[PDB]
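Working notes, beginning with the structure itself.
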Protein chains: 2
Amino acid sequence: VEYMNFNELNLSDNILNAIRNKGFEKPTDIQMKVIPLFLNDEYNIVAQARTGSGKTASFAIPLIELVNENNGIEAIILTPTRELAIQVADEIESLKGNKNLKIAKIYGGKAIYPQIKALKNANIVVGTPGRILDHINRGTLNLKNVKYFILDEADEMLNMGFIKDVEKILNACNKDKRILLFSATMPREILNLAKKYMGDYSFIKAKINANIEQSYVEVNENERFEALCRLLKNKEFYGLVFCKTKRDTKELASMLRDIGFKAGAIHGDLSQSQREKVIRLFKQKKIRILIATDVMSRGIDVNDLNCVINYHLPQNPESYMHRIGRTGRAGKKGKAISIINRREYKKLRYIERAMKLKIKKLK
Amino acid sequence: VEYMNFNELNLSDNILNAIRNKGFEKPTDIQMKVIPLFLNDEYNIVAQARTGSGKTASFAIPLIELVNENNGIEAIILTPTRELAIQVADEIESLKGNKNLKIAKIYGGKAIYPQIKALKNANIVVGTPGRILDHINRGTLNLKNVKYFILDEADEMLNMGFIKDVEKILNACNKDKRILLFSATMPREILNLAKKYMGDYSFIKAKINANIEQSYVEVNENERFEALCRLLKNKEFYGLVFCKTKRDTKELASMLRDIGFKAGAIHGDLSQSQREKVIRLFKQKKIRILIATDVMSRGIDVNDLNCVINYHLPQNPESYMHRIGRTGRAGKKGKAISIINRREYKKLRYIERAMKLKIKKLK
């Protein structure tokens, strides 16, 4: 049982178009281990996947596939944050295609009334545990038709006190639901969670470090740009280079163009439209090298890259996971080289230690 | 997918004979949820099953099926005790048939030298964790060819300190092994065990609560026999009624032969030369009701029953599990009714706490 293409799945046509569309060409280890089982709809699933491996597709694809656009609320998707709630919601939007599924996003800060109207014809709810609870208390929500449950980043939820709430939300649900729990780490409580509420589940662990060989170059702050050049070497290179600031993206892109490369920048303050035409020139390969800040690194992408280069290595392990998470391909190898100086070592170590990763060396 | 007959499995002919032979006619919930997956040989398996549900067949069947009789040691089966090691060994003997698999039993008390000769051409080792480890740590036993690992009653092992030893035995093994862990209960450590050493496993729980439906009748000590009659009702009843003493079995059987029923009393005072005549007739149906004491309830049986009635609630709560563990049929319901009086309600609640059971009521 080793698939390697979305078409090879029991996926509809309407969706198998939008996935090839949005950029999802080849699957990731997880998407190929989950989508089948989720679609197969045999058992519950406890998946261990680092953020930045296609998780959101894993469940959002089969979800759009199995959730009826005619019933009421067929699914709930819990998340630690609102930021992630919206991310999840949107990625589902960009995949439904000619399937009219209404997705209600629930979370604090908003007025309750609008939310009730929003759930009215909602098909899939995606919000934080704290509100989705109260909200179901108020009879405002109807767990009556909920056929699919999904706890996205349960270990994050757990370290935010949400555990009790999640349990409550699970209880106040049919026992004819299908649960899928995603967690980068498996603490005692998550394991116990699986035992208490999900019976007869299939445990799946994905290796991201085995999918994307990571390396790094130690250099002096002055020969940093000189490192990015040696790495860019052939004018055949086609990839993504990550910065730190909007200034670095403009500066680095212009210089690179003047030395013969087809570079271009992308960053925050840039208009929605522009962010789009640059990704277009990029996807099309008019621009073989896109210099960018984390900004774009979280809310776009419309294709896969041979490799990813961190011109600047983030202090944050999660942003690292989001960056190199553009290479992970199904059946073929990924590549991420990070440029660091003598003082950015304690950090590298922490990314490795925190994401249980192994990044070797280059020179 | 789900099956309801051994033949429906990828089982050989040589074995599918000895299983029909030894008595294994219909499968048990566990056997039907494991043998397929074990045979399918896809993932590792963490199975939760009370002792007395067919566990030993679950792994021993597929084991005899997949282990080559020509290689060396292809499998290790750890157990808490020697009593259980031997039980396990024997049940494998009685199923191999025309397949020459040598099974070495390893454990304390015995001299090491004979054990070494025993492993020489051994195919499957079955012993306690303390000794198998000493052999491993001393070069005596070689894990080189071990393809299948089986921890039988890991929760029992855990509460005997064996945990450390089991872990050591797991380490000093190829990482190309197949692990199957059986445990009646899932403490933190077993769950953590699964996480640490078995990656990507399928969790299976054989919930009897929904497989065998247990009920009970509260009555006055005087209308107890009157309860057993209302329960025996139709002369179509074919089952097993459990007593307390040899006197009760003789008396109760005669009271029934006084109202037409053909019934037989089996006890301990009974020599196997009699315990045969008896059961013989009960399966042959030359008697449609067998009244018996725990005595037989542990070392015989040569067929399945529609239902089991506890005329008296046993003392030892595990005997209860051994009794109703004769109605559980492969995907085909079963039932256990227990007769109790006002004061006997104490023993009942004791049995239900010790077993995490739920026995409802009949009136």
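Going by Swiss-Prot, the residues shown for chain B are 3-365, listed in order.
Each Cβ is built from the backbone N, Cα and C atoms, and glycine gets one as well.
Swiss-Prot lists B:6-34 with the feature motif 'Q motif'. Mapped onto DSSP helix, strand and coil, the motif 'Q motif' (B:6-34) counts 17 helix, 0 strand, 12 coil.
Annotated domain 'Helicase ATP-binding' per Swiss-Prot: B:38-206, in sequence order, evidence recorded as sequence analysis.
Sequence-distant neighbours of B:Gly56 (ATP binding site) (same chain, six or more apart, CB under 8 Å from its CB) are B:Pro29, B:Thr30, B:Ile32, B:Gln33, listed in sequence order. Look at Swiss-Prot and you will find B:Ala51, B:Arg52, B:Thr53, B:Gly54, B:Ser55, B:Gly56, B:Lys57, B:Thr58 tagged as ATP binding site.
In the motif 'DEAD box' (B:154-157), the DSSP tally of helix, strand and coil residues is 2 helix, 1 strand, 1 coil. Look at Swiss-Prot and you will find B:154-157 tagged as motif 'DEAD box'.
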Which of B:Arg52, B:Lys57, the listed binding-site residues, has fewest other Cβ atoms within 10 Å: B:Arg52
Environment of B:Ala51, B:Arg52, B:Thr53, B:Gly54, B:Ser55, B:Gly56, B:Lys57, B:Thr58, the listed ATP site - residues of the same chain whose CB lies within 8 A of the CB centroid: B:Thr30, B:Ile32, B:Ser60, B:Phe184, B:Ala186, B:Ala208, B:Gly327
All-chain count of other Cβ atoms within 10 Å of B:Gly54 (ATP binding site): 19
Fewest other Cβ within 10 angstroms of its own Cβ, chosen from the binding-site residues B:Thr53, B:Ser55, B:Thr58: B:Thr53
Cβ-Cβ distance under 8 Å to B:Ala51 (ATP binding site), same chain, at least six residues away: B:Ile32, B:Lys57, B:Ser60, B:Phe184, B:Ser185, B:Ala186, B:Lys207, B:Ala208
